[PDB]
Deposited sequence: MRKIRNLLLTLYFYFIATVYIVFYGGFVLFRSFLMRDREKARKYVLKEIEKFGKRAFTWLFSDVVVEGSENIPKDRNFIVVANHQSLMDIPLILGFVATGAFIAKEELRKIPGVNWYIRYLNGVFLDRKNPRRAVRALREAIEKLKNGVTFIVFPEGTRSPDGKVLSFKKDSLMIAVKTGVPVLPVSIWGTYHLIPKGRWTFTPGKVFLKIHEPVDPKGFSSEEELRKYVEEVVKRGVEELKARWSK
């Protein structure tokens, strides 16, 4: 019966999430297209995305809690660097940190609704990684990125090593890295499971890092890695309620 509840929750999530992304999200872009004033059209679409990020977790009866909102740069783009432990990490970062570009599986272009919004956020689909050039290029024009240097979701919640050259997009653009630590989306929906289970999600936003202060990509990566990791640990251990 705890199984019944979770499955029904799962159905409720996919149904609402799909109708919301496709039909309401179609409607959103459709209204934004009709807007004379292009700057506020952008604001409208962006705000709706952020609202989706947030609303997502309400559809799961899962409470988000954010600290370090004050650290998120304003007037400027950045590269969110986060640990990765669920599909829900993307809606989480979108709704509570930044509505930026991300790197999608080639697959995703074909899924309706999602592709329109990945494109709107100026995302980057995956010779074998030409990606890196668009990301760099997009960064230079001013797009915020969201980057999961581990390169995969942790299977057990534990933070994996940051893949070598993972912070190269910061090094080669000079845009600030905004380290973020996510805890609880893994208990919500873990790698390889297709069902949800409610729970609390915590998010800790850390002080922006300037790549300028680092003799190499490899030294920056290590700094950000300890920062993120330590967050996860503090978050994993905090009692609350």
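In this entry, the deposited residues absent from the coordinate set occupy a single span, 127-132.
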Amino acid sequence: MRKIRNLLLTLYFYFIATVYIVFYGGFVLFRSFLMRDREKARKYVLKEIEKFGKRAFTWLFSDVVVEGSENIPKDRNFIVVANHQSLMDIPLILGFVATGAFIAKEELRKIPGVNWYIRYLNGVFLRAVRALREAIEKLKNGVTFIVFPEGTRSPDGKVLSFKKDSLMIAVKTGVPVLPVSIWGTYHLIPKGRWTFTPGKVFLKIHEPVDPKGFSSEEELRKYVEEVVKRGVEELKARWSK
From here on, numbers count along this sequence of modelled residues.
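The question of which stretch, 139-147 or 79-87, has the higher mean Cα B factor is settled in favour of 139-147.
128-136 and 98-106 differ in mean CA B-factor, and the higher of the two is recorded for 128-136. Of the candidates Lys200, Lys204, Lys212, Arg55, the deposited coordinates give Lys212 the top C-alpha B factor. Across the options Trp59, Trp194, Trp183, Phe27, the residue with the most elevated CA B-factor in the record is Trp194.
Placement of the Cα temperature factor of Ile49 within the chain: lowest third of the modelled residues, per the deposited record.
Among the modelled residues of its chain, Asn115 has a C-alpha B-factor that falls in the highest third, as given in the PDB entry. Per the PDB record, residue ranking by Cα B-factor puts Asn71 in the lowest third of the chain. Annotation for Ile21: CA B-factor lies in the middle third of the chain's modelled residues. In the PDB entry, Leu160 places in the middle third of its chain by CA B-factor.
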